[PDB]
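K.L.:
I have a structure here, written as C-alpha cells, and I will follow up with some questions on it.
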Amino acid sequence: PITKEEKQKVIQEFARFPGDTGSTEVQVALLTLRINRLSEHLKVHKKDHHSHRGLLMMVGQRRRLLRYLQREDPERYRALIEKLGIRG
Amino acid sequence: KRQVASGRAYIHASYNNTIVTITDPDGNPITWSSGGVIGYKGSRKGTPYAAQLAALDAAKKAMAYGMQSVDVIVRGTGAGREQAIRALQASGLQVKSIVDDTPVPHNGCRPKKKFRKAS
Amino acid sequence: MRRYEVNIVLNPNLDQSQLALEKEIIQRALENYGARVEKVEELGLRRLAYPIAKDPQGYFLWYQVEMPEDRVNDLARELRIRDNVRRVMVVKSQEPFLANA
Amino acid sequence: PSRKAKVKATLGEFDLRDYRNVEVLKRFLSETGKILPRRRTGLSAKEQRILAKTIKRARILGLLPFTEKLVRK
RNA sequence: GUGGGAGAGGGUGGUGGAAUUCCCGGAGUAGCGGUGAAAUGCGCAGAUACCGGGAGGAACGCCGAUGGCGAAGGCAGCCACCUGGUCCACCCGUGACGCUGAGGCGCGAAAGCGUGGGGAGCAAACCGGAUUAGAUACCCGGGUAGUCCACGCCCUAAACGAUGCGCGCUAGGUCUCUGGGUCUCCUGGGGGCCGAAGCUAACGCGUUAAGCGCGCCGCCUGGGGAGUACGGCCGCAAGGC
Ligand SMILES: [K+]
Ligand SMILES: [K+]
Ligand SMILES: [K+]
Ligand SMILES: [K+]
Ligand SMILES: [K+]
Ligand SMILES: [K+]
Ligand SMILES: [Mg+2]
Ligand SMILES: [Mg+2]
Ligand SMILES: [Mg+2]
Ligand SMILES: [Mg+2]
Ligand SMILES: [Mg+2]
Ligand SMILES: [Mg+2]
Ligand SMILES: [Mg+2]
Ligand SMILES: [Mg+2]
Ligand SMILES: [Mg+2]
Ligand SMILES: [Mg+2]
Ligand SMILES: [Mg+2]
Ligand SMILES: [Mg+2]
Ligand SMILES: [Mg+2]
Ligand SMILES: [Mg+2]
Ligand SMILES: [Mg+2]
Ligand SMILES: [Mg+2]
Ligand SMILES: [Mg+2]
Ligand SMILES: [Mg+2]
Ligand SMILES: [Mg+2]
Ligand SMILES: [Mg+2]
Ligand SMILES: [Mg+2]
Ligand SMILES: [Mg+2]
Ligand SMILES: [Mg+2]
Ligand SMILES: [Mg+2]
Ligand SMILES: [Mg+2]
Ligand SMILES: [Mg+2]
Ligand SMILES: [Mg+2]
Ligand SMILES: [Mg+2]
Ligand SMILES: [Mg+2]
Ligand SMILES: [Mg+2]
Ligand SMILES: [Mg+2]
Ligand SMILES: [Mg+2]
Ligand SMILES: [Mg+2]
Ligand SMILES: [Mg+2]
Numbered sequence: 002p003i004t005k006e007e008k009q010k011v012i013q014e015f016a017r018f019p020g021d022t023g024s025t026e027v028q029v030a031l032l033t034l035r036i037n038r039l040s041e042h043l044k045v046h047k048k049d050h051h052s053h054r055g056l057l058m059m060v061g062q063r064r065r066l067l068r069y070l071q072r073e074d075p076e077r078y079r080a081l082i083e084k085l086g087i088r089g
Numbered sequence: 011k012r013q014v015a016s017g018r019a020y021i022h023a024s025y026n027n028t029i030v031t032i033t034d035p036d037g038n039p040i041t042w043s044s045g046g047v048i049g050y051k052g053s054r055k056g057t058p059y060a061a062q063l064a065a066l067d068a069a070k071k072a073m074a075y076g077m078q079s080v081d082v083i084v085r086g087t088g089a090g091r092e093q094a095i096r097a098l099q100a101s102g103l104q105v106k107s108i109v110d111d112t113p114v115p116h117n118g119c120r121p122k123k124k125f126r127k128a129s
Numbered sequence: 001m002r003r004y005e006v007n008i009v010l011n012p013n014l015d016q017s018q019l020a021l022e023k024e025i026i027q028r029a030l031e032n033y034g035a036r037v038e039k040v041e042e043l044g045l046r047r048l049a050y051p052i053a054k055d056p057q058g059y060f061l062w063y064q065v066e067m068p069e070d071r072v073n074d075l076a077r078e079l080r081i082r083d084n085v086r087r088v089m090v091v092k093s094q095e096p097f098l099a100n101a
Numbered sequence: 016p017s018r019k020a021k022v023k024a025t026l027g028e029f030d031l032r033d034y035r036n037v038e039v040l041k042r043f044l045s046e047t048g049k050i051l052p053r054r055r056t057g058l059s060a061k062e063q064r065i066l067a068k069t070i071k072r073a074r075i076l077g078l079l080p081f082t083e084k085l086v087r088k
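Protein chains in written order, with the UniProt record's numbering: chain A, 2 to 89; chain B, 11 to 129; chain C, 1 to 101; chain D, 16 to 88.
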C-alpha cells in the first residue's frame, strides 16, 4: 500500500508552502504516486481489470489538473512535470 | 450364526423403494431386506406397506442372530420411511434410538435435470 | 510490519521429547521469516469437533507475533511442511469486537 | 415464530470475534452443526455477519462442527 | 489533507469440510434402479443397502436477509498478500481546476472458436427404453463436444428499472443497511414500500420521479419485406457492426 510516512513525504516535498495539502502540485504529485503504485500492480495482475478502471480515472483526473495548472501558470507546470517526470 | 444382540438398523427410504440393513455394533451388515426382497416388484416397493414388510423381514432375519436391541439410522425422504421405523419398534427388537443421517452436500455436483431449481 | 495470530494444531500423540522438537522447529521458522513472538498460549489439547488426521483430538498452540506481511503466506506454508503439523491458520490480528456487553 | 429465548440475551459480554471460545461459539449452532438465524441468535446484522466469519474459522480449526446427526425422530 | 467505516468490488496464491463417481478392504445376499405403469440398464466375475481407506474433479449447505459491493457484465467456504470504488466527521489545503461526451480505447453473462491441460457430476449431438395415430419430443437408461484451468479470440443478450449522465428545486409515513451525534430522536450515504403537489393514454411514477427546470450525448418517425441484400470494417470460423 502506501503509509502515512510515504504519503506525508511527497506531500511536504511538494507543498507550495508549509501546510499546503491540497495544491494543484500536491495533488498531481500524490496522484502520480498512486498511478505508479497501481501501474506496477497491473503489470503483475493483468487480469485485474476492475482496478484498471481506477487507473484510467486517475490518469484522467491528473490530466484535468495539469491541463489546468498549465493554463494558469505554464511555469509551475513545466516545473511540476519536470519534477514528477511526466509528459512525453 | 455369530450372535450379536445389538447393532445398527439402517433405513434407506426413497420415492421408489425402502431398504433396511441391519449390522453389528461396528457397521458390518448381518442381514437386509427391501421391497423387492419381499414379493413386491413394480412401484409397490416404495409403498409404506412395502417398507413395513421389508423392515420386519430384516428384523426377523436379525433376531435369528440373537439380535435384541438396535439403533436406527434414517436416510432419505421416501414414502414409508416412518413405517419402517414404526415396524422396527414393534419388531420385538428394542429400538435404542432413532437418528436421521441423510446426506446433503454443501453444494457439489450438478443435479440431474430432474432435480434442478432452488431457494 | 503487522500483528498476526499464528494458530497451530499438532499431533495429539507426541511424547514430551517429540512435542518439544516440533514445537521448537516452529520457533525456528518464525525467526527465519520475521516473526516477533509477543505472547503464546499452548492450550495443549482438546476434543476435535470432527476427526482431523484421524484423531479425535489436537494439540493447540498459538502466538500473537508481529511480522512483515510480504512473508506471512510464505512463512505459513513452511510451517505446514512438518508431518505432525496438521493445521496452520494465520489471521491478521484484530480489535476484539465486543457484543451483548 | 422463533419463540423461546435469544442466544445473545442468554449470555454475557463476549468477543464475537474470538474464533477459539468454543464454549460460547458452540452456543450459536443448532442441534445440527448449523449456524442459527438472526431470528434465533438475537444478534444484529453487523454482529451476525461477524459471527458467521468467526464460527467458520473455529470449524476449520477443528474446534467446531460442520454438521451433526439429528437425534431422536 | 487528516482521522475514522461497511462491503460476495477485482487479481494471486494457499487451504477446509459435506456430497457424487471411481479404485482397495471388510461385512453381507438377490436384487437394485426407474415409472402413470414399465422397459432399456446394472447385479452370483456378488450389485443395491452398511463400515473403513484411498484418488480426483467441480461447487461452496447453515449464516443468507425483501441484505451488501460493482460502471455494466457481474460478485458468496476460510486465510494471506496485491488492488479499485465509496461513505462519514473536522472545515485544514487548492481556488471554478466543472458537466457532458461524436470518434477512439478498455471492459463486457452464456454459447461458440484456437492451443495446451483437466474431466467428478451434468449434459447439445448421438445410442437405446418407453409413449403416441406418429413421437426426429416431453418420461426412463446411457453418452460426445461442452460445462472446469491457462493463454489468445469472439462482442452477443428479455446486456432490463425494457427508465443515458450531472445539477438544482417540490409534503410526509414506514421498514432496512452503513457512518456521525447532546443516541425519543437528530444528521449524512444506500436499499424497499405507500403515498402531498404534480405527471401519465392508462397502468403507474412520485426526494432512488416517469414531477418542476438547465446542460450534453444516444435513439425514434406505420406494419411486412429485413436486421435481409449490397458496400465497408472486423473475425481463424460461427458470425458481428
Ligand atoms: K452488543
Ligand atoms: K432380473
Ligand atoms: K479499500
Ligand atoms: K472440439
Ligand atoms: K390510478
Ligand atoms: K457484408
Ligand atoms: Mg481518509
Ligand atoms: Mg468479494
Ligand atoms: Mg466392496
Ligand atoms: Mg466378500
Ligand atoms: Mg441381465
Ligand atoms: Mg454362484
Ligand atoms: Mg454404489
Ligand atoms: Mg481421476
Ligand atoms: Mg446500481
Ligand atoms: Mg442481474
Ligand atoms: Mg478551508
Ligand atoms: Mg487563498
Ligand atoms: Mg465522461
Ligand atoms: Mg464475453
Ligand atoms: Mg464460457
Ligand atoms: Mg476450448
Ligand atoms: Mg480442449
Ligand atoms: Mg446422465
Ligand atoms: Mg416407436
Ligand atoms: Mg437423458
Ligand atoms: Mg478465457
Ligand atoms: Mg431485470
Ligand atoms: Mg422513504
Ligand atoms: Mg433514503
Ligand atoms: Mg435512509
Ligand atoms: Mg437492493
Ligand atoms: Mg408511489
Ligand atoms: Mg394526486
Ligand atoms: Mg431528478
Ligand atoms: Mg438504431
Ligand atoms: Mg417499411
Ligand atoms: Mg412501406
Ligand atoms: Mg422498416
Ligand atoms: Mg444477428
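Heads up, the beta-carbon is just placed ideally off N, CA and C, and yes, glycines get one too.
1) Rounded to whole angstroms, what's the CA-CA distance from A80/A to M59/A? Just pull it up for me.
2) Could you give the first and the last residue of the continuous beta strand (DSSP E) run that contains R86/C?
3) Looking at the structure shown, is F43/D part of a helix, part of a strand, or coil, going by DSSP?
4) In terms of residues, what are the limits of the alpha helix (DSSP H) holding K106/B?
5) Contact check, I32/B vs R12/B under 8 Å by CB: the rounded distance?
6) Using 10 angstroms around the beta-carbon of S43/B, count the other beta-carbons present and answer buried if the total reaches 16, otherwise exposed.
7) Run through the region 30-82 of chain A for me and flag every whole alpha helix (DSSP H) of 4 or more residues, listed as ranges in chain order.
8) Counting only runs that start and end within the region 7-87 of chain C, where is the beta strand (DSSP E) found for 3 or more residues in a row?
9) In the structure shown, what three-state DSSP assignment does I83/B receive?
10) I want to verify the contact list: residues of chain C whose CB lies under 9 Å from the CB of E28/D, in sequence order.
11) Whole-angstrom Cβ separation of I48/B and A64/B, contact assumed at under 8 Å?
12) So, is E5/C buried or exposed, given that buried needs 16 or more other C-beta atoms within 10 angstroms?
13) Please determine if the region 30-47 of chain C and the region 62-80 of chain C are in contact, where contact requires at least 3 C-beta pairs separated by less than 8 Å.
14) Report back the beta-carbon spacing between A72/B and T41/B to the nearest angstrom; my notes put them in contact at under 8 Å.
15) What are the boundary residues of the beta strand (DSSP E) that includes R18/B?
16) For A20/C and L75/C, which I take to be in contact (beta-carbon distance under 8 Å), what is that distance rounded to the nearest angstrom?
17) Determine, using beta carbons only, whether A49/C and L40/D come nearer to each other than 8 Å.
18) With burial defined as no fewer than 16 other Cβ atoms inside 10 Å of the residue's Cβ, what is the status of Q27/C: buried or exposed?
P.N.:
Taking the geometry as given:
1) Rounded to the nearest angstrom, the two C-alpha atoms are 20 Å apart.
2) Residues 85-92.
3) Here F43/D sits in helix by DSSP.
4) Segment 104-110 is the beta strand (DSSP E) holding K106/B; no alpha helix (DSSP H) there.
5) The pair is not a contact, with the Cβ atoms about 12 Å apart (cut-off 8 Å).
6) Burial call: buried.
7) Whole alpha helix (DSSP H) segments, 4+ residues: 50-73.
8) List check, beta strand (DSSP E) in window: 44-52, 55-60.
9) The answer is strand: DSSP assigns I83/B an E or B state.
10) Listed along chain C are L98, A99, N100, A101, each with a C-beta nearer than 9 Å to that of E28/D.
11) Between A64/B and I48/B the Cβ distance is about 6 Å, and since that is below 8 Å, they are a contact.
12) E5/C is buried by the Cβ-count criterion.
13) With the cut-off at 8 Å, the region 30-47 of chain C and the region 62-80 of chain C touch.
14) Correct: roughly 5 Å between the Cβ atoms.
15) Counted as a single uninterrupted DSSP element, the beta strand (DSSP E) harbouring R18/B occupies residues 17-22.
16) In fact, because the Cβ distance is near 21 Å, the residues do not count as touching under 8 Å.
17) Taking 8 Å as the Cβ cut-off, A49/C and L40/D do not qualify as a contacting pair.
18) Exposed, by the Cβ-count rule.
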